[PDB]
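Peer 1: First the structure, which I've put down as structure tokens, then a few questions once you've had a look.
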Amino acid sequence: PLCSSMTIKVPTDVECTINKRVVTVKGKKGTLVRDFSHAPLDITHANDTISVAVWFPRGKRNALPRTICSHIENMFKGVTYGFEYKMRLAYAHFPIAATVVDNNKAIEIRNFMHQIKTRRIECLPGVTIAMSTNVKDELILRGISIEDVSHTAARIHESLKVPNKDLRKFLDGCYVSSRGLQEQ
Amino acid sequence: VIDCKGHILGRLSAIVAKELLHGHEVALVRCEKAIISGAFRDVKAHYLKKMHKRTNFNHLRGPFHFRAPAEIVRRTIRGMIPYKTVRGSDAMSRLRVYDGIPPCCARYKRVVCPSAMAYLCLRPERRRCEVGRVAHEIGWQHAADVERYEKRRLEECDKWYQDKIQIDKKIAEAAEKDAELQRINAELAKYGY
Amino acid sequence: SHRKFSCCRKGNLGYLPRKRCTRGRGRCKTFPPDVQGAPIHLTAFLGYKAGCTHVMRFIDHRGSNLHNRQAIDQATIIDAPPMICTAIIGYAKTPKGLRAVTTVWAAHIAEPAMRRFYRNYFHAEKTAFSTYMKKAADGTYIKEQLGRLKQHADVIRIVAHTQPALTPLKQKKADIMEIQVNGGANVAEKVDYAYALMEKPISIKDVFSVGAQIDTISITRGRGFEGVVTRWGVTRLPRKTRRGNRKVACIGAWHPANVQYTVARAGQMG
Amino acid sequence: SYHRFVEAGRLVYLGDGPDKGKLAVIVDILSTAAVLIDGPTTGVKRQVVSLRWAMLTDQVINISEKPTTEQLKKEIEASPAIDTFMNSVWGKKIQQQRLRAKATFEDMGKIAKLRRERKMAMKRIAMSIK
Amino acid sequence: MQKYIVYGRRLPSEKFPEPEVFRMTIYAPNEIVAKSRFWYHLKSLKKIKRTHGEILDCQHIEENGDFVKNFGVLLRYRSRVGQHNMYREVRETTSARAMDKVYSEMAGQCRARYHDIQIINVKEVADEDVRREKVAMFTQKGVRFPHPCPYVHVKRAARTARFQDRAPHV
Amino acid sequence: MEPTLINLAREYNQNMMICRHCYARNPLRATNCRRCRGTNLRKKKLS
Amino acid sequence: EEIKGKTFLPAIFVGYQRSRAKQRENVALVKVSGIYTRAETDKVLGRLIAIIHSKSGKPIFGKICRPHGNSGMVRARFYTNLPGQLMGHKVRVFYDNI
RNA sequence: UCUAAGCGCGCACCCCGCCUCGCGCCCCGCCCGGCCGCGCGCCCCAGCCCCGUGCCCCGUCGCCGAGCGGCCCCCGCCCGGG
RNA sequence: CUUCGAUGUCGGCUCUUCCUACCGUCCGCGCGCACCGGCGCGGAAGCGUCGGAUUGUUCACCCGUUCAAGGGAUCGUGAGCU
RNA sequence: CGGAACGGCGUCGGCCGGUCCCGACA
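Residue numbers (the deposited numbering), protein chains in the order written: chain LJ, 2 to 185; chain LP, 5 to 197; chain LB, 2 to 271; chain LN, 2 to 131; chain LT, 2 to 171; chain Ls, 78 to 124; chain Lg, 2 to 99.
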């Protein structure tokens, strides 16, 4: 008789539909689809309040209701307001040069520690890379999916790595200034 | 003829091996979709570990390892069969193992063994992986080919289904006949079947 | 105990078994990749090695001692007589691999290709292709087979024969080989290109370009039974060694109690 | 987990046990893996049976708490659920399955011939349609 | 498993004309185990060995199974490290049935056999006092839970019917 | 470098806890290391 | 034959009754189709069965005697002991008498 | 909070390709025959869409034809030169 | 314990394979990590671990170089040698 | 999976000492 249930009130602007464990959220910025068929979940639409509900929560099935609930809420805020990760380039001596090679779909970084290697990072589909005039050496990543934009920003941070040296002494690279929830 | 899609390899093999010893001829299709329980990380290590044992002096005289998902199933059943004996060799001869549904077994009637199937055999939360993916990693090169031919065969099977549906309706219209007497006896004589 | 001193093994185990080649001549096995959307081209040609020459050339390798200098290099001339296409074969990428979807032969096959199909031409029935020429020669039968290849074949190849008469060697039978047609927009475009070349000589200039790199497949020179010093490149033992020095001294350990496939042993050399 | 909950009064079908093949009502939950079942009109006596034997039918009987046996029989008799289940596909099959069990080796012979008459009659019907 | 109230006394002696009659309630599979467990407790508690004592009666108690009742058992068990005390609540129809449930859970989780577990107290706990969450879960009147194991039915049916035309839906 | 940039850079390169046995970068408030599963964490020596 | 019209219930001769060490070739373990339980075997007990000899194409008559195990296999005795090349071959439990 | 679900990257290692061999098999040629079998939905299982069956007779009366799916058959040397 | 009507005794030379308890190169992480260069750790056995002086010597010590881990296989290897 | 002292916020089951609506400075 044990159920770990978490209920999230769907925003009126968002229109979402759940078939099986596939949740499809429609929003003003765009439409997103996630699949949670890995976990055993009894997600019930029930108008605004969506109950994830995991029956018989033995051990880590007690963690599934809140994780899935939060993901479906991230989906809601992604397609209503959009996620805006900001990335700050941190040059000590040689200014790293960033160019948006595609239609906001690729970023190329040069002169990182005077490296001849050119790092081109292709963005995940549905995320746009921009350059911010106000901050200076700031990249703006904008998408409707929290994971897609964050994975792109992690890839940019990894693409620029000091090979050896002391990391505590040489602190150069893109380091993610702001988490997001501002623009599509 | 057994569709192996979704069947635990050992549980299916135990059923197949006794059936082959009992003189039944068994043909297995969609062998690539049989499921081995446990994480791919460890299932693949356990298939690489077995491919390590080869006769040091000549590997041509050593244990052979079959990358093919259908030949993996055969080797499993061979372990559960007295192959060295002539009784065992004959039951191995009646086994036919095939990745994908081949043209030879395309129109044969396929049965499933629900006990062997993974959905009833392993808890949800237990990681499981098809033998087709372990095969590709150990070195099977026909996964793309077997998928291309399976997808096109399923498009044809869809067209056949629609014709089958219309044919089945036209059999039901003719299900009125002496069949009614057979029905009366096979139920209303208390027989019940 | 350990080997005491570190030394590599002698020979590539990948080239075992070192046996006389069963295949009559060099075989292509894997052709170059199709690269669909490229220009339609033939990937292979057969020729007979004539001999070497030595040429002086101007090196333009930037970043080298020879940049803007002249070098004398060994060059091998391979006499390549034109090869006449005699048949088109189409293969499909089945779950069991490339499987032939039939070969359509030409309406008229040359005498050198015919000679290949018999052990002795003079004392032979000469019955090969007799029915086929009657079925064909109108082109209708050939066209139906080409259409079947367009519908079911994924890889198109041409079967061509070297004309041995144009070469100095004492052969008379032609060597027949399959040359993969590559660079096709469609399989049917590949069949059309192949049909144009049917019963038609193909030239090296129209297969390969100057400055391009090729892979040369052939059976090597033979030396017959050779010793492990001149077969595997093992060290000759000191001249004090009784019972001869041209031998591997220890062919293995007590355990495994059977000689291994690694250990060097005398046999066929070329 | 959408429907067919293990609740009080749910009609149950015994898949295994001495009373296999019969319907019962869950009088009370003993645990996650056991229930107290009793079916007086179906002849199942009150016992605690593992939920692993019980199969949940779609019908639920409206009963009072602590049903007892006599009050439970009165409630089961009032409910139309028992007959609704029997008229349903599972119930009609359950009735056929009971008749199949009451069959001797001789009644297997008559049932095997009749089945082969069906096998060949169906082939004649199928061929004639085509 | 059966529930036996066993009575026993020391043999009557010139030193004491009527020794004290002792009464214990022992849950055992049979009467011979119940009289053995009686003397094991009597030997330690009152220094009475079986040779020095008599069994006045071993009365078997019959318990009604009409209603599920919350039961509470206080026991002591020996693990390899040393002895420990443990309170377990189980909801069962009869007290013997609840003791069987307690013995099976102790064997399954604590790996303790019948002989190394002594049952200090077995009581019927009220619905209000249920320290164990599991018993408290079913105590509330409305307890709709989806079938815990509907996979078992299809797997069991498939033992007789090894080969089926379709894979069964649960 | 700009001072804020040095701070931001430090969050990912200087602020972490290293379990002595596992030598694994670990969260600042980590009771047990992700890989070593041990309580002997240290605060990462400053430059 | 004498079994030409007899309807028969299908079965297989799986093996002789045996232990890993010792095999009793006198009793033959037969699996009867439709019998999956030991109680169900009682229906087929004391029934005339026949296995067609491969060499002569002639039925070897036998009678089912006792149940072999809880899974419905039965122990049967035949006029001649079975050759052993007939393992896995079908035996016929006739629904009609003799 | 890098992990529990989920996800990205990732080793001179591993596996594969390229290569060395290769049982068999495929296509064609010559020749163009014999033999044998009769039986197709798919997906999913925390929607499981109504389940919890069917088959239960490979001779036991079934064998036509057709359509598919197979199997078999068959291809010399001596001699001279390399 | 087994081998005495017999299992060729060390070191070298030759040649093969294997192990990791990895010295260098590979992948990370740490440092009393500015760089250079060390050092510690986890994965990693693909490749390299040589040329000589004295000594029967394994060992040892020394010179030199692209600076040089440790072992196992009847103390691998005598119808192979010396 | 022969195995030790020692570790483990892996998952369960207890034992004991406490604090929760004097919300476990507002």
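Every residue, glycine too, gets a C-beta built ideally from N, C-alpha and C.
Mind listing the chain LT neighbours of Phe57(LJ)? Cutoff is C-beta to C-beta under 7 Å, in chain order.
Peer 2: Correct list: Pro149.
Peer 1: If you reduce the DSSP assignment to three classes, tell me which class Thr129(LJ) lands in.
Peer 2: Residue state, collapsed to three classes: strand.
Peer 1: On the three-state DSSP scale, how would you describe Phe37(LJ)?
Peer 2: In the structure shown, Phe37(LJ) sits in coil (DSSP, three-state: anything other than H, G, I, E or B).
Peer 1: Where DSSP assigns a beta bridge to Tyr5(LT), which residues make up the other side?
Peer 2: DSSP lists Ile27(LT) and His61(LT) as partners of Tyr5(LT).
Peer 1: Taking DSSP as the reference, what is the three-state secondary structure of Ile27(LN)?
Peer 2: In this structure, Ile27(LN) counts as strand in the three-state DSSP scheme.
Peer 1: What are the residues of the stretch 118-133 of chain LP that lie near chain LJ, defined by any Cβ-Cβ distance shorter than 7 Å?
Peer 2: Result list: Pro128.
Peer 1: With a threshold of 8 Å on Cβ separation, who are the neighbours of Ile108(LJ) within its own chain once the five nearest residues in sequence on each side are excluded?
Peer 2: Answer for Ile108(LJ): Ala99, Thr100, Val101, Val102, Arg121, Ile122, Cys124, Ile130, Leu140 and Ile157, listed in chain order.
Peer 1: Just how far apart, CA to CA, sit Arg169(LJ) and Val53(LJ)?
Peer 2: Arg169(LJ) and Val53(LJ): Cα-Cα distance of roughly 44 Å.
Peer 1: Work out the CA separation of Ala147(LP) and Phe70(LP) for me, nearest whole Å.
Peer 2: Their backbone Cα atoms lie some 14 Å apart in a straight line.
Peer 1: Go through its chain and collect everything with a Cβ distance to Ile203(LB)'s Cβ below 7 Å, but skip five positions before and after it.
Peer 2: Correct list, in chain order: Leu43, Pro83, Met84, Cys86 and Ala161.
Peer 1: Residues of chain LJ with CB closer than 9 Å to the CB of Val144(LT), please, in chain order.
Peer 2: Per Cβ cutoff of 9 Å: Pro2.
Peer 1: Using only the alpha-carbon positions, how far apart do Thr26(LT) and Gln3(LT) sit?
Peer 2: Roughly 11 Å between the two C-alpha positions.
Peer 1: From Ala79(LN) to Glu64(LT), what distance separates their C-alpha atoms?
Peer 2: About 31 Å.
Peer 1: Against chain LP, which members of the stretch 34-47 of chain LJ pass a CB distance test of less than 8 Å?
Peer 2: So the list reads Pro41, given in the order they occur along the chain.
Peer 1: With a threshold of 16 other CB atoms inside 10 Å of the CB of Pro107(LP), please say whether the residue is buried or exposed.
Peer 2: When all chains shown are included, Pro107(LP) counts as exposed.
Peer 1: Give every residue of the same chain whose Cβ lies closer than 7 Å to the Cβ of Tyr115(LT), excluding the five residues on either side of it in the sequence, and list them in chain order.
Peer 2: Answer for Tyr115(LT): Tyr104, listed in chain order.
Peer 1: Counting C-beta neighbours from all protein chains within 10 Å, is the total for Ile157(LB) 16 or more, i.e. buried, or is it exposed?
Peer 2: So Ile157(LB) ends up on the buried side.
Peer 1: If contacts are defined as beta-carbon pairs under 8 Å, then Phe14(Lg) and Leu83(Lg) qualify, I think. What distance do you get, rounded to the angstrom?
Peer 2: The Cβ separation is near 6 Å, so the contact holds.
Peer 1: Just to confirm the assignment, what range does the alpha helix (DSSP H) spanning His68(LB) have?
Peer 2: Segment: none, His68(LB) is in no alpha helix (DSSP H) and carries neither H nor E.
Peer 1: If you measure beta-carbon to beta-carbon, which residues of the stretch 59-85 of chain LN are closer than 8 Å to chain LT?
Peer 2: Hits within the stretch, in order: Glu66, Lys67, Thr69 and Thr70.
Peer 1: Looking at chain LJ, which residues of the stretch 90-118 of chain Ls have a Cβ within less than 8 Å of any of its Cβ atoms?
Peer 2: For the stretch 90-118 of chain Ls, which is checked against every Cβ of chain LJ, the residues closer than 8 Å are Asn90 and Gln91.
Peer 1: In chain LB, which residues lie less than 8 Å from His146(LP) when you measure between Cβ atoms?
Peer 2: Chain LB residues near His146(LP): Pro96, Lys97 and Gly98.
Peer 1: With a threshold of 7 Å between beta carbons, is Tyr262(LB) in contact with chain LP?
Peer 2: So yes, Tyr262(LB) belongs to the interface.
Peer 1: Quick one: what does DSSP say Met128(LN) is sitting in, helix, strand or coil?
Peer 2: Of the three classes helix, strand and coil, the one that applies to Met128(LN) here is helix, per DSSP.
Peer 1: Note down the Cα distance separating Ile78(LB) from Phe209(LB), rounded to an integer number of angstroms.
Peer 2: Whole-angstrom Cα-Cα distance: 14 Å.
Peer 1: By how many angstroms is the C-alpha of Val155(LT) removed from the C-alpha of residue 101(Lg)?
Peer 2: Because residue 101(Lg) is not part of the residues shown, which for chain Lg are 2 to 99, the question remains open.
Peer 1: Anything in chain LN within Cβ reach of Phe139(LT), meaning under 9 Å, just list it in chain order.
Peer 2: The contacting residues are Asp29, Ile30, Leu31, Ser32 and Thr33.
Peer 1: Which parts of the stretch 33-107 of chain LN are runs of the beta strand (DSSP E), unbroken and 3 residues or longer, counting only runs that do not cross its ends?
Peer 2: Listed in chain order, the complete beta strand (DSSP E) runs (minimum 3 residues) inside the stretch 33-107 of chain LN are 35-40, 45-51 and 55-61.
Peer 1: Are the stretch 171-184 of chain LP and the stretch 221-239 of chain LB in contact at 8 Å, needing three or more beta carbon pairs?
Peer 2: No, the stretch 171-184 of chain LP is not in contact with the stretch 221-239 of chain LB.
Peer 1: Measure from the alpha carbon of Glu184(LJ) to the alpha carbon of each residue in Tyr86(LJ), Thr153(LJ) and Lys118(LJ), then state which is nearest.
Peer 2: Checked all of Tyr86(LJ), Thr153(LJ) and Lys118(LJ); the closest Cα to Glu184(LJ) is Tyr86(LJ).
Peer 1: Just grab the DSSP bridge partners of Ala77(Lg) for me.
Peer 2: According to DSSP, which records beta bridges pairwise, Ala77(Lg) is partnered with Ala29(Lg) and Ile65(Lg).
Peer 1: Name the one or two DSSP bridge partners that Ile169(LP) has.
Peer 2: Answer is none; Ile169(LP) lacks a bridge partner.
Peer 1: Pull up the distance between the alpha-carbon of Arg106(Ls) and that of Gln91(Ls), whole angstroms please.
Peer 2: Roughly 14 Å between the two C-alpha positions.
Peer 1: Could you pull out every unbroken beta strand (DSSP E) segment of at least 3 residues lying fully inside the stretch 51-122 of chain LB, listed in chain order?
Peer 2: Those beta strand (DSSP E) runs which fall completely within the stretch 51-122 of chain LB and span 3+ residues are 56-60, 70-74, 77-80, 84-95 and 98-106.
Peer 1: Could you check if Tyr112(LP) is buried or exposed, using at least 16 other CB atoms within 10 Å of its CB as the buried criterion?
Peer 2: When all chains shown are included, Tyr112(LP) counts as exposed.
Peer 1: Mapping DSSP to helix, strand and coil, what is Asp46(LP)?
Peer 2: Correct three-state label for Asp46(LP): helix.
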